[PDB]
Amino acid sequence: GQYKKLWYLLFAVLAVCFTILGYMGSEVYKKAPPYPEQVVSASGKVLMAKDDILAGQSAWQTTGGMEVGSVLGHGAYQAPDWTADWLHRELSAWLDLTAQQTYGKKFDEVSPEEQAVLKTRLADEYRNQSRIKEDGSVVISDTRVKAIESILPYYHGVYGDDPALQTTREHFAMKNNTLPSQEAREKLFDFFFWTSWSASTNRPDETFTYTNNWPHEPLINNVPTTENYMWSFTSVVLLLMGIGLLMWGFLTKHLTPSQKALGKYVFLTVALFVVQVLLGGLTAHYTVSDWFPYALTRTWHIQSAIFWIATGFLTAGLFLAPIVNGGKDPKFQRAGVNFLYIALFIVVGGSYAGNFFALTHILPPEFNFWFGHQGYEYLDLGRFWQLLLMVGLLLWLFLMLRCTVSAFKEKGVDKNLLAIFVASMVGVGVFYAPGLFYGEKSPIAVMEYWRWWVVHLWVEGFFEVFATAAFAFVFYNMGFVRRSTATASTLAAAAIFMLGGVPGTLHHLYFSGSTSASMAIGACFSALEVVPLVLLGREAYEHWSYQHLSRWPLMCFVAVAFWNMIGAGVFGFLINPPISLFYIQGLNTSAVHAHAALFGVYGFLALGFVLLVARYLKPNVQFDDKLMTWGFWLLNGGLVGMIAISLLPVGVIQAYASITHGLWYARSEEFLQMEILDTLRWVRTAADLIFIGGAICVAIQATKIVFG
């Protein structure tokens, strides 16, 4: 049409940004910490082969993987980071040993001058004994092997049942015998070791580790890289030079069968939401019987979110589809809508059940990757059920894309608003696919890549787009926006959302085995996602303090903007710069970001859809002004309560000790089980309840709208 300029602008951004994201992926595959063929102990005693690790990886998924504690910065925050906790002990044990044989004292009786003399040896041994090329085999010294075999007892007693370390496990919210088979434990530790190896050893090319010196370990000088600083100030420039430009100031002056089906869709979303916040409190109480332990209550807490939020978005789109098609279903829509609904119930019910058996070792650890627990945060489904939800999303696009070719028919009307909105829904449908391309014993580095195409590009990138696209469609069809307004703004917002979104992804991969390039791309581009925030919060305040148009959605789609500013913005870009994330990755800083960002934005959006559909599916069914009120505030103040008086304080405290002593310490057992940390953990269950309250209210309100 006449918008060809903006269309080319969009095609430009998509071409540019997808290449960066593609390239930085090829380099993930190439220059990722390889699994060694064998770990030989100078003498000969091979400690492990290739599959000694790859098994311990498979064995890690068995426990719930990232659902117990973090590994390489990614996971859960009650247990320690295993890659950090491993490296630290394996170093300390190495020292005590060499301080003995050289001076005959336990390093603490050895004088400052000598301590620092030992650590020089330590760093050279550890950091400069890199994977021998052309025959990828690694060679260790004997004082190290003795070091490992003196810490393995503790790890067997924590992942097991050794009665000594009972409260240890309890402090880590771990059900006694998290891995009952000492068969597998032996292998899990070969994985735990190799991770710690990838994080403590220089690349073939550099004087930093495969993990860009992650984590922060003073005893081998795992200090921020050099390129770290170069780019983590670049980005802070860009951001500020961003805000300066955008803001240079004020107070500106501008029913058919299928549709009727969506009632149970609405119910599902509120149902599942309240299923989730419960499981949330449950898994929150574990941080202060274990058929369903911490590892499980958390897994569902993560899983229900994606579902109920995604489902709310699907549901919305399904309602609009007939409305697009004049006002009539083309064929057996209602039929496909029922199929889809079954599907979604088979994925949700299916997975949850599968999860139960894997984390009790009832499922055979040969079906573990497909029907058990993937061990990978946000994708702990099982390759089968994940494909089933994939098929489901495909069907949703099928049903979706049908109603649209009927409106691509008339000769008169401008088919541009449609055009972009059509791409939008594809975005939702097709783009869960990336996270398919990784196997059981796929390199951790690679899985880490694709996972974030989903947990980042999908739920942030394409949902962002769909929200605005559907909004524009409605906003124009309601008649509060002209054609050449709603049509135009969608095409720009699509360009803006995607500019920071696409390459930004890489803010996840700064340390999980990438080239220092990751810090460059991620840091720069993710700084541009500032203009969407400012723009929204700007307009959202402008279109607010006014009387012109009048349980009103502005509430919903203002709160949205607000959290998109506190959570995606403040807490998001506080943690975005490589220099920062180098310390506060895997700390309660991320917990803040997540809660405020996921619920605060996409939670409300999702809830404001299923609510809107219910207001249309059962009209003249009168809302409750007191419920909606109570809810809208307990939820808001609730999130405010969670982040303020618990998560952030701890995050802060963690952040500090991470920086002063090392990360291993901010994750260490004694540090966690502390005076005010344990207390700040308690104060949470105050605002936890408040939150569940508003959650109940919104399910309750929603129910009595769809049912009667």
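Each residue number is its position in the shown sequence, starting from 1.
According to the record, 10 or more deposited residues between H254 and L255 are left without atomic coordinates. Coordinates are absent for 10 or more residues of the deposited sequence placed between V288 and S289. In this entry, 614-622 shows the higher mean Cα temperature factor of the pair 614-622 and 187-195. Between the stretches 491-499 and 402-410, it is 402-410 that shows the larger average CA temperature factor. Highest C-alpha temperature factor among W563, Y432, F480, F604, as the PDB entry reports it: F480. In this entry, the residue among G104, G312, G280, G427 with the greatest C-alpha B factor is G104. In this PDB entry, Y665 carries a Cα temperature factor that places it within the lowest third of its chain's modelled residues. When all modelled residues of the chain are sorted by CA temperature factor, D329 is found within the highest third. Among the modelled residues of its chain, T207 has a C-alpha B-factor that falls in the middle third, as given in the PDB entry.
For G336, the recorded CA B-factor ranks within the highest third of the chain. Only modelled residues enter the ranking.
Per-chain ranking of the deposited C-alpha B factor places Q673 in the highest third.
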